[PDB]
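J.: Sequence, then the experimental structure. Questions to follow.
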Amino acid sequence: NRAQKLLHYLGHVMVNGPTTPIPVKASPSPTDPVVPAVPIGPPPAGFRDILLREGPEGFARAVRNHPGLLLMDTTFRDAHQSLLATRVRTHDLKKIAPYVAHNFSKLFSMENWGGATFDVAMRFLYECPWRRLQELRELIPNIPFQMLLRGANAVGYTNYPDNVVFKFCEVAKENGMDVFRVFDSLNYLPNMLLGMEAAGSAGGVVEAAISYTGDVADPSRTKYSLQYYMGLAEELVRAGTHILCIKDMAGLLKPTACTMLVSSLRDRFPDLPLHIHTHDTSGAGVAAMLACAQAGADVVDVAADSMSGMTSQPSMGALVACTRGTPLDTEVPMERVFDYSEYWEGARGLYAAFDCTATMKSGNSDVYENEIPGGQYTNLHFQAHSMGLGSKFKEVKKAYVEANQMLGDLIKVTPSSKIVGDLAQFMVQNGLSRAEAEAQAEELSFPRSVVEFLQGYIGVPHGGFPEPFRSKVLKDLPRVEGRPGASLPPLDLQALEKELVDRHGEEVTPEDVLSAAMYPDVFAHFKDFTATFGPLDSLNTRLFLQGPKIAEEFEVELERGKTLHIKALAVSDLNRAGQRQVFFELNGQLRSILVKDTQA
Amino acid sequence: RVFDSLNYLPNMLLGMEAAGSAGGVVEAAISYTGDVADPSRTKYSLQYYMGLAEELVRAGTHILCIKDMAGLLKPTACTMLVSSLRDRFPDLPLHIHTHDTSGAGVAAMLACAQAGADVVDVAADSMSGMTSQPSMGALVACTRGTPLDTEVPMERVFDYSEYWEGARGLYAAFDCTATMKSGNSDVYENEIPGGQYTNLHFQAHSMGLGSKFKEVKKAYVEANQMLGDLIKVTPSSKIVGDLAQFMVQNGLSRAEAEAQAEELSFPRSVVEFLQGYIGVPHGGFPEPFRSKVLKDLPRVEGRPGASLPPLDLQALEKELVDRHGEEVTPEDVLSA
């Protein structure tokens, strides 16, 4: 039976607390979201038909030749971890796709998957990213989708055998993914080369991105010279791409840097469409974005107004309004923007249990000196509340810059940002200073992640890395040379499928196979949980998090005919072994379920 | 700082002569409303501000300022406007006051400073955004390697920001963030002043009207149309808010309210505005409502300040001492 299973989960939520951590004792607001009116006819035509009718080269040519400006929405991937910890369920997400496809037709693409999208969709949200992507494609047959992929590590933290990435990209393209963004934490050229090789082999639009760090207009800056970026761009275009992007994870894009860099790229490449992406952390995102659009930009990354500002991406409303009497002429009815923002403003109140509005009340400066990524700054906020960090949080970020300096000024996005962060965490919790740490580093123990970085799994940095520290810490540990992906022995994924089928698999799919091959432990945990309490991602947000309040009747629908009503009667007391009796009312029946309390 | 809610020149004049008689730096501010670049906008054309600026500079001032409660300052609008001012008055410094409610205040200020501005108002970093002024960090950092050369030590701005972030946590009993999570668009038609959008939204969410706040602004435009296209800073915002809340609580439509206005009572604030103690708008006000309610009741024409009988404040300290005063000071007399 299935209903008994979900009632069992509901009773467990009743008696016990929610499984996921709850940072703040708050509750979802008792306000339903408002779905705006939609037309009845077929949706209009956008850019997906070009891909269906021509090749990626033709689509890139059309985008380059298109007069004006283009936008692509990111309020589905980046605003999530930018402002939340990415706990947005698909159930809430599956109520705008009918609207946006019928109204928004000029969008460049849509961001569905990303870095903090697989593990979180299996560790705290007991769901399946493959399933999440599967039903959205039937809802937006108008706008191509885009996913964020890293070169060596696919979505994880360590390098992987290349053929695994090949199968991953092939299956992702087969399921319906359209545009691929290729990027690496460092600027290790073979990593990007492998990324574009996999993207081209799979078949689809290949997008290259270059992480930007420091001020490119300051003469004092010397580690990342001007000609360094143009040389990297020349190498990238020689490798063969379709669109060039400039990732700005920290939001350090000055208007002068904007205009001069975009002029330099457009000066020597009047063929490639330009892509841009920034996080509005300092508060000057919109001005730099206008400058970039004026100079040579073609595609712009935009989030909705309800998840703009703070540390998220610039709002749609400002760009639409400012580019009104402009030769760019976005020319999109901004009345629909208002209701689109209103929906998300209503929906944001559901996830009030955990939000960045706790201590970072407004946008923070001092990123030009901290250079901490936006997605990691929120998690540091989270940990600061977790340990109750007050003025001692200031020392935490005071310890970040010195650690970066000692390891050398390097670009930090997913892995290396985490490495610098937990190195600083370790050093500060030990209450140590820099000079003595430099002196006695052999006897001193370091976190395993620092050792992994110094070994060389991720790759070699541009300016090299210090020899005395690695000599004094590594001792006699093995070292990986050349490309770690090439040096890593290929693994057999066929044994994984039969192993899972033997253990608990009876209709495991290749997506599930490679998902378990990505992280076996959390895959096994999630699958066992689903086999324990039932199929999730069919319930409301307040039902999933808070639970049905007593003396209240709710309605849950599963199919066109599978419609049922739930009412909560009462809960008994601990009889003999911490066991509770809970009475539930269905449409016309009464059922009692036993719940094992965890406090014994 | 001399300012008037309306464009009624005599009020500005009285204020500025008063401030000059006091002795000190006196500068006037001009509220901005509507689009100056849109040809369809006719009530407030570019020359409309040209005449006001000419009159104010003829009266004799020191600094010129632009007031923007709703933050409707498009970059192109600012650059063309300040170009229109700077060329024909290349002596008076330009001052600009804006609110980053829409979400692009910083870009507008950057363009304004690039074109012809001299002084821009900027609030503290941890007390900025949302519905407030642009932050100090962006302005200081962006204008580093430019000929403008702000030249402000950007180290101390940080510690100022952490102090303000810490002290703001003391007043956590009531704050805009619990009410508004993020800065809002949709302000260009609404034109809600910043100091009232927040509290009105809070009231709507507090009395449970979370989904009924939209109807409040949905009738705001109709209320403004009823009273005529009007510049709104201090009084008129709350006046039209009272009218709209009256309309929504009564749950009545505009057409029939207009039709059967005979036996229907009219809100007090609307009548008080129609009387004209504040002044007169540009295009006049409807006659039927005021005739129906005010009738023969004291009708005031011209400048209400001059017509009002001046009163002695000397007996006020006498009565304050006689009632509860023994140390009363002129400041206390004025306050009472």
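T.: Looks like it came in fine. Numbers count the residues shown, from 1 in each chain, chains lettered A, B, ... in the order given.
J.: Can you dump the C-alpha atoms of stretch A:11-26 in CSV for me?
T.: The C-alpha coordinates for stretch A:11-26 follow below in CSV (Å, rounded to 0.1, in the frame of the first residue of the first chain):
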residue,chain,number,x,y,z
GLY,A,11,2.7,10.7,11.9
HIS,A,12,6.5,10.6,12.2
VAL,A,13,6.6,14.3,11.4
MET,A,14,3.9,14.8,14.0
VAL,A,15,5.5,13.0,17.0
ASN,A,16,9.1,13.7,16.2
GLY,A,17,10.8,16.8,14.7
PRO,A,18,11.6,17.4,11.0
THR,A,19,14.5,15.3,9.8
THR,A,20,16.3,18.2,8.2
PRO,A,21,18.0,20.7,10.5
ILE,A,22,15.9,23.7,11.4
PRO,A,23,18.2,26.8,12.0
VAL,A,24,15.4,29.1,13.2
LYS,A,25,12.3,28.2,15.1
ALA,A,26,10.0,29.8,12.6
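J.: Centre of the chain to that stretch, how far?
T.: Distance, stretch centre to chain centre, for stretch A:11-26: 25 Å (CA atoms, centre = their mean, to the nearest Å).
J.: List the contacts of it.
T.: Residues from elsewhere that reach stretch A:11-26 (CB atoms under 8 Å, 6 or more residues apart in numbering or on different chains): A:87, A:124, A:352-355, A:358, A:382, A:385-386, A:533, A:545-548, A:568, A:571, A:580, A:582, A:584, A:593, A:595, A:597-598. No exception for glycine: its C-beta is placed from N, CA and C like everyone else's.
J.: swap in stretch A:446-464?
T.: By CB under 8 Å, 6+ apart, stretch A:446-464 touches A:152-153, A:158-159, A:184-188, A:190-191, A:223-224, A:228, A:407-410, A:415-416, A:418-419, A:422-423, A:426, A:465, A:469-470, A:473-474, A:477-481, A:483-484.
J.: Helices along the stretch 451-600 of chain A, start to end?
T.: Per DSSP state H, counting those that start in this stretch, the stretch 451-600 of chain A carries helices over the ranges A:467-474, A:484-487, A:494-503, A:510-518, A:520-533, A:541-545.
J.: nearest spatial neighbour of the residue of the stretch 201-350 of chain A found nearest chain B, skipping sequence neighbours?
T.: As assessed by CB to the nearest CB, chain B sits closest to residue A:317 within the stretch 201-350 of chain A, at 2.8 Å. Spatial nearest neighbour of residue A:317, excluding adjacent residues (CB to CB, 6 or more residues apart in numbering or on different chains): residue B:185 at 2.8 Å.
J.: what's around the one you found, how many residues?
T.: Counted with other CB atoms under 10 Å in any protein chain shown, residues neighbouring residue B:185 total 25.
J.: got it, and the one 10 residues further on?
T.: Around residue B:195 sit 13 other residues, with neighbours defined as other CB under 10 Å.
J.: quick one: residue A:92 and residue A:350 touch, right?
T.: Yes: in this structure, residue A:92 is within contact of residue A:350 by CB atoms under 8 Å, at 6.9 Å.
J.: hey, what's in contact with both of these two?
T.: A:33, A:541.
J.: what are the C-alpha coordinates of stretch A:357-367, in CSV please?
T.: Taking Å, rounded to 0.1, in the frame of the first residue of the first chain, the C-alpha atoms of stretch A:357-367 are listed here in CSV:
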residue,chain,number,x,y,z
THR,A,357,18.0,37.7,6.5
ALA,A,358,19.1,36.6,9.9
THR,A,359,22.4,38.6,10.4
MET,A,360,23.3,39.8,6.9
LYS,A,361,20.4,42.2,7.0
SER,A,362,21.6,44.1,3.8
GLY,A,363,24.2,43.8,1.1
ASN,A,364,27.7,43.5,2.3
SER,A,365,30.8,45.4,1.0
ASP,A,366,34.4,44.4,1.8
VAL,A,367,34.1,41.7,-0.8
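J.: now stretch A:439-452: how far from the chain's centre is it?
T.: Its chain's C-alpha centre and that of stretch A:439-452 lie 30 Å apart, by CA atoms, centre = their mean.
J.: Export that stretch to PDB, keeping only CA atoms.
T.: The C-alpha coordinates for stretch A:439-452 follow below in PDB (Å, rounded to 0.1, in the frame of the first residue of the first chain):
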ATOM      1  CA  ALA A 439      57.700  27.700  11.400                       C
ATOM      2  CA  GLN A 440      56.300  24.400  12.700                       C
ATOM      3  CA  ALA A 441      54.300  22.900   9.900                       C
ATOM      4  CA  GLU A 442      55.800  19.400   9.900                       C
ATOM      5  CA  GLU A 443      54.700  18.400  13.400                       C
ATOM      6  CA  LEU A 444      51.400  20.300  13.000                       C
ATOM      7  CA  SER A 445      48.500  18.300  11.600                       C
ATOM      8  CA  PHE A 446      46.500  19.800   8.800                       C
ATOM      9  CA  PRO A 447      42.900  19.100   7.500                       C
ATOM     10  CA  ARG A 448      42.700  16.300   4.900                       C
ATOM     11  CA  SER A 449      41.300  18.800   2.300                       C
ATOM     12  CA  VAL A 450      44.500  20.900   2.500                       C
ATOM     13  CA  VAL A 451      46.600  17.800   2.000                       C
ATOM     14  CA  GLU A 452      44.400  16.800  -1.000                       C
END
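J.: Tell me which other helices or strands the host helix or strand of the residue of the stretch 201-350 of chain A closest to chain B touches.
T.: According to DSSP states H and E, residue A:317 maps onto helix A:316-322. Here helix A:316-322 touches helix A:285-295, strand A:299-302, helix A:334-348, going by 3 or more CB pairs under 8 Å, 6 or more residues apart in numbering or on different chains; DSSP states H and E.
J.: Now do the same contact list for the residue in the stretch 1-150 of chain A positioned nearest to chain B.
T.: Nearest residue of the stretch 1-150 of chain A to chain B: residue A:31, at 4.5 Å (CB to the nearest CB). Shown in contact with residue A:31 (CB under 8 Å, 6+ apart): A:346, A:349, B:210-211.
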